[PDB]
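> my complex, first installment, coordinates as in the assembly:
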Amino acid sequence: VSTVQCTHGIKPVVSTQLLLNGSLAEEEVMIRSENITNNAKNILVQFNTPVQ
Amino acid sequence: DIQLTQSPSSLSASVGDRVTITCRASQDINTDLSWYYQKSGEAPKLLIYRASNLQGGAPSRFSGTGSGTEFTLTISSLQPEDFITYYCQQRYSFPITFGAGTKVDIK
Amino acid sequence: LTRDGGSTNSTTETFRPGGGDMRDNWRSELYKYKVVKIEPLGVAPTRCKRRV
Amino acid sequence: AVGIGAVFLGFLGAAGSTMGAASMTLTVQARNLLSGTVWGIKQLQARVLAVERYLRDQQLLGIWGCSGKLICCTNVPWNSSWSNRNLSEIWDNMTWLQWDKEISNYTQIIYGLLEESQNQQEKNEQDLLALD
Amino acid sequence: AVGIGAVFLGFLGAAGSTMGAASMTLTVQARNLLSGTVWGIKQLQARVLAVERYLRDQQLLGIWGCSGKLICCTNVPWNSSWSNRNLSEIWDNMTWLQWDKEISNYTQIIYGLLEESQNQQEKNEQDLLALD
Amino acid sequence: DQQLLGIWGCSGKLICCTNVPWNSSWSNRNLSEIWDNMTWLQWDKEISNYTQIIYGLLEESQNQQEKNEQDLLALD
Amino acid sequence: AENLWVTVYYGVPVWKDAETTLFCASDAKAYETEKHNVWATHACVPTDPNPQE
């Protein structure tokens, strides 16, 4: 854990079904969900490297 | 490199005496100078910083003065432990130099 | 992504694109920040009498 | 000169030690409480709320009579019913958060007793100096 | 249970007694000062007014060198030029409002004397401590 | 500024002495001239460089003093 | 005894009269739905029960 007084820069955008110019993970492609077992909620996936 | 000369190179006096050591710089260094004291079998520990800021825990018998290219340390009363090695040095721009050193002996 | 509904155990699954709520786009970024408040007062036991 | 850097002693980073060490760094935290067209009203309201909270704390400290100092003793004895333990463990093993979580239940009664003892004391001192 | 009720001591209601009894019950009032689109703006004005009012009194008490107490003595001697009567009647049969309307004219001077008295006290004490 | 005064343990008073010694480095002078001729504004202008250094010394002196005396009253 | 010195008190019960801005207060029951009405907007702080006299 650590403490900070002001977050880093954020660039708002608008898009659907895809994410553009966002931050990227460092370890590996990662998957996140709330209650992944259920089909009700969406699933987010974050890549390792960008694609042009 | 700024050359520092210590004087006397060696000295011998009796316990309880008053003695004085001097360190001359090769040029003007203002007051960014400090003296470290060390004894055999131990790593050095700082004695005086800036020649005008008494280091905490040191005996008051030691006094330091000077400026320009000449700095002086006066001991009012010798003690058996006071017979130790001293090193004047300059905390200035690079490089970093240290004095030859002086040894006090019992007589 | 979003998972499609299934039945029994078909040893297979399907996924489709989704989206439509702008909130998820913001949520993809702010997932490593928390905000807390301070509380100064405290009490403890000690070996001391009030001065008199 | 050259070589010497710069050392601080800052925010809550000292909040992972025993009781003894952390108490050496109270003051800095105490100093960081009053630092400083539809959006302006919001920040104004926030500032007013912060000021009100600070004044509430100051009054609550003033009532007990220990005002004007960081530490203060009192005459209320410590009932063993809450948490027996012993002094050395309490002062050399636990952190602040664990203690706070441990003594969350019996908070109000201690304030009540403190207030009562303070009141009895000031009343006694008041008639006492009335005699003199 | 069946006949036991509740009897508390409330807000300002002792203002029907002698000059002396009322002073026995003062503390309670002191603990009731900092209590805490057009249809909601005025609340901010009210809060600002309240905090300013409290701070003014705090400062004024601070200057006179009696802060932190409810009954404080001083050195200024009373003068019969301002008023008459003796201790007995004053402290036996009177009301606070009557005294207020009685001493209304001569207030600013009575305020003014205190700070110069305190200044002389402090100045003398400073030299008393500094002579050694 | 009320809080800042409060930290230095001199609340409720217009004058207050303290234990920190006065180093001759900042400005030697001597008592007569400073207390006779110098005015407030010029003095402020002339000691405008070493304020932050001074504040910390008072703070730490009070903290250490209070911590020390706490033990003495504790053993009582 | 005859000679005497001034003394100061605090929190004395005396008052005068003046004017100031009031504020509103509404029952929480109205806050339950009924979002459409000229008056009774939500800005009023919810009231409190058992008033004391």
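Nice, I can see it. Residues are numbered from 1 along each chain as shown, chains lettered A, B, ... in the order given.
> For the rest of this, base every contact and every neighbour count on C-alpha atoms.
OK.
> buried ones in stretch D:64-71?
D:64, D:68 (16 or more other Cα atoms under 10 Å in any protein chain shown).
> Span of that stretch from start to end?
12 Å (Cα to Cα, to the nearest Å).
> Same question for stretch C:11-27.
End residues of stretch C:11-27 are separated by 32 Å (Cα to Cα).
> and residue D:49, that one's in a helix?
Yes. Residue D:49 forms part of a helix when assessed by DSSP: H, G, I helix; E, B strand; the rest coil.
> Roughly how far does it sit from residue D:42?
11 Å.
> now swap in residue A:36 and tell me
38 Å.
> residue ranges of the strands in the chain, please?
Looking at chain A here, since you left the chain open. A:30-32, A:44-46 (DSSP state E).
> actually chain G
Counting by DSSP E, the strands of chain G are G:5-9.
> and the closest residue to chain G within chain B, how many neighbours does it have?
The nearest approach of chain B to chain G comes at residue B:56, 50.4 Å away (Cα to the nearest Cα). Around residue B:56 there are 9 other residues, counting by other Cα atoms under 10 Å in any protein chain shown.
> Could you do residue A:19 as well?
Neighbours of residue A:19 using other Cα under 10 Å come to 13.
> Of all residues in the chain, which one is nearest the centre?
I'll assume chain A. Geometric centre of chain A, nearest residue: residue A:46, 5.1 Å, by Cα atoms, centre = their mean.
> please go with chain C instead
Note: chain C centre (Cα atoms, centre = their mean) maps to residue C:31, 7.7 Å.
> which residues in the chain form helices?
Chain wasn't specified; assuming chain A. Using DSSP state H, no helices are found in chain A.
> Oops, wrong one, chain G.
Under DSSP H, chain G gives helices at G:28-31.
> Any chance you could list what contacts stretch D:96-107?
D:15, D:18, D:19, D:82 (Cα atoms under 8 Å, 6 or more residues apart in numbering or on different chains).
> The second one contacts residue D:93, doesn't it?
Which is residue D:18. Yes. The criterion here is Cα atoms under 8 Å, and residue D:18 meets it with residue D:93 at 6.0 Å.
> between those two, which one's more packed in?
residue D:18 (17 against 11).
> That one: what's it in contact with?
D:91, D:92, D:93, D:94, D:95, D:96.
> mind running it again at 7 Å?
Applying Cα atoms under 7 Å, 6 or more residues apart in numbering or on different chains to residue D:18 gives the contacts D:91, D:92, D:93, D:94, D:95.
> Chain H should go on the structure too:
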Amino acid sequence: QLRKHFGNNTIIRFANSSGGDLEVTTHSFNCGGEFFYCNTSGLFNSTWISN
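That brings us to chain H, laid onto the chains above:
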């Protein structure tokens, strides 16, 4: 990466959006102060079998 939760002996498949209004059924974005709606049916059309 995803296989770790649903067992290794499974078959994965991808399909285009089910349907709806033009806003959600296609990928909408902005370039150079101008709005585009693009048809991404040629991206999620594949299958993957074990091993």
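> can you check the contacts of stretch D:96-107 again with chain H included?
In contact with stretch D:96-107 (Cα under 7 Å, 6+ apart) are residues residue D:19.
> Distance of residue D:17 relative to chain G?
Separation of residue D:17 from chain G (Cα to the nearest Cα, to the nearest Å) stands at 44 Å.
> Touching, that residue and residue D:94? I think so.
No. Using Cα atoms under 7 Å, residue D:17 makes no contact with residue D:94, being 8.1 Å away.
> show me what contacts the residue nearest to the centre of chain A?
Contacts of residue A:46 by Cα under 7 Å, 6+ apart are A:24, A:25, A:29, A:30, A:31.
> is it true that the fourth one touches residue A:45?
Read that as residue A:30. Yes. In this structure, residue A:30 is within contact of residue A:45 by Cα under 7 Å, at 5.8 Å.
> how long is stretch B:97-105 end to end?
End residues of stretch B:97-105 are separated by 25 Å (Cα to Cα).
> Tell me the buried residues in it?
Neighbour-count burial for stretch B:97-105, counted by 16+ other Cα under 10 Å, picks out B:98, B:99, B:100, B:101, B:102, B:104.
> Can you tell me how far the last one is from residue B:12?
What that stands for is residue B:104. Shown here: residue B:104 relative to residue B:12, a distance of 5 Å by Cα to Cα.
> for the fifth one, same thing?
Computed with Cα to Cα, the distance linking residue B:102 and residue B:12 is 11 Å.
> Repeat that for the first one.
Between residue B:98 and residue B:12 the distance is 23 Å, computed by Cα to Cα.
> ditto for residue D:3
36 Å.
> And residue B:26, by the same measure?
Counting by Cα to Cα, the separation of residue B:26 from residue B:12 is 27 Å.
> And for residue B:97?
Counting by Cα to Cα, the gap from residue B:97 to residue B:12 is 26 Å.
> How about residue D:6?
Taking Cα to Cα, one finds residue D:6 at 42 Å from residue B:12.
> the more surrounded of these two?
residue B:12 (12 against 4).
> that's a strand at the more buried one, yeah?
Yes. Counting by three-state DSSP, one finds residue B:12 located in a strand.
> Report the contact partners of it.
Here residue B:12 is in contact with B:104, B:105, B:106, B:107 (criterion: Cα under 7 Å, 6+ apart).
> repeat for residue B:98
B:87, B:88, B:89.
> Identify each buried residue in the helix or strand containing the second one, please.
Using DSSP states H and E, residue B:88 maps to strand B:85-90. Of the residues in strand B:85-90, those with enough neighbours to count as buried (16+ other Cα under 10 Å) are B:86, B:87, B:88, B:89, B:90.
> add chain I to the structure above, sequence below:
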Amino acid sequence: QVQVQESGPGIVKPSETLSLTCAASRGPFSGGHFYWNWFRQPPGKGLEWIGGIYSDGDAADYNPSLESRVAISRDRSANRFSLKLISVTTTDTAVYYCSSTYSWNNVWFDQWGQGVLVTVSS
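Placed with the earlier chains, chain I looks like this:
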């Protein structure tokens, strides 16, 4: 308040590479700069400064004479720092020290640990 220790081989043959390492602590302070320094002293003569490096950078600074025969590295995961010396010689037989100097407001502390001996022989 920081302790420091040294770790390295005892005897290394001439012309080989000598690798030394030293650990460190952060003490009660929260954030700042600790200009770590490596010093040496041969027997029977005055001390000499080898080199320095900040605790939040990698631009290791070396004395002009021994620029070509000294490499300095730091590890944040281990919170350690290491030195590599090439073309070792009998002159390097000496006592070596790792030291840190705080930067509190006008105090200028300094620790020196214990050091370690190094001998070069065949």
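> once more on the contacts of stretch D:96-107, this time with chain I?
residue D:19.
> Next, count neighbours for the residue in chain H positioned nearest to chain D.
Nearest residue of chain H to chain D: residue H:33, at 28.1 Å (Cα to the nearest Cα). Number of residues near residue H:33 (other Cα under 10 Å) recorded here: 5.
> Okay, helices next: where are they in chain I?
Under DSSP H, chain I gives no helices.
> mind listing the strands for it?
Using DSSP E, strands in chain I cover I:6-7, I:11-12, I:18-23, I:36-41, I:48-53, I:61-62, I:70-75, I:80-85, I:94-99, I:116-120.
> With respect to chain F, which of these lies nearest?
strand I:36-41 (25.7 Å).
> and whatever helix or strand comes next after the strand holding residue B:88, anywhere near chain I?
Next along the chain after strand B:85-90, taking DSSP H and E as the criterion, comes strand B:103-106. No. Judged by Cα under 7 Å from any Cα of the partner chain, strand B:103-106 stays clear of chain I, getting no closer than 12.9 Å.
> Who are the packing partners of strand B:103-106?
Applying 3 or more Cα pairs under 7 Å, 6 or more residues apart in numbering or on different chains; DSSP states H and E, one finds that strand B:103-106 contacts strand B:10-13.
> Any chance you could list what contacts the biggest strand by length in chain C?
What stands out as the longest strand in chain C, according to DSSP E, is strand C:12-16. Here strand C:12-16 makes contact (Cα under 7 Å, 6+ apart) with C:1, C:2, C:3, C:4, H:10, H:11, H:12, H:13, H:14, H:15, H:16, H:17.
> and the gap between residue B:17 and residue E:116?
Taken as Cα to Cα, the span from residue B:17 to residue E:116 is 59 Å.
> Which single residue of chain H approaches chain B most closely?
residue H:32 (54.3 Å).
> The residue nearest to the centre of chain C: what secondary structure?
Classified using three-state DSSP, residue C:31 is coil.
> which residues does it contact?
Contacts of residue C:31 by Cα under 7 Å, 6+ apart: none found.
> For it, give its distance to residue C:25.
Taken as Cα to Cα, the span from residue C:31 to residue C:25 is 11 Å.
> What ranges does chain C have for its helices?
C:22-27.
> before we move on, back to that, just say which of the strands of chain I is most tucked in.
strand I:94-99 (a mean of 21; mean count of other Cα atoms under 10 Å in any protein chain shown).
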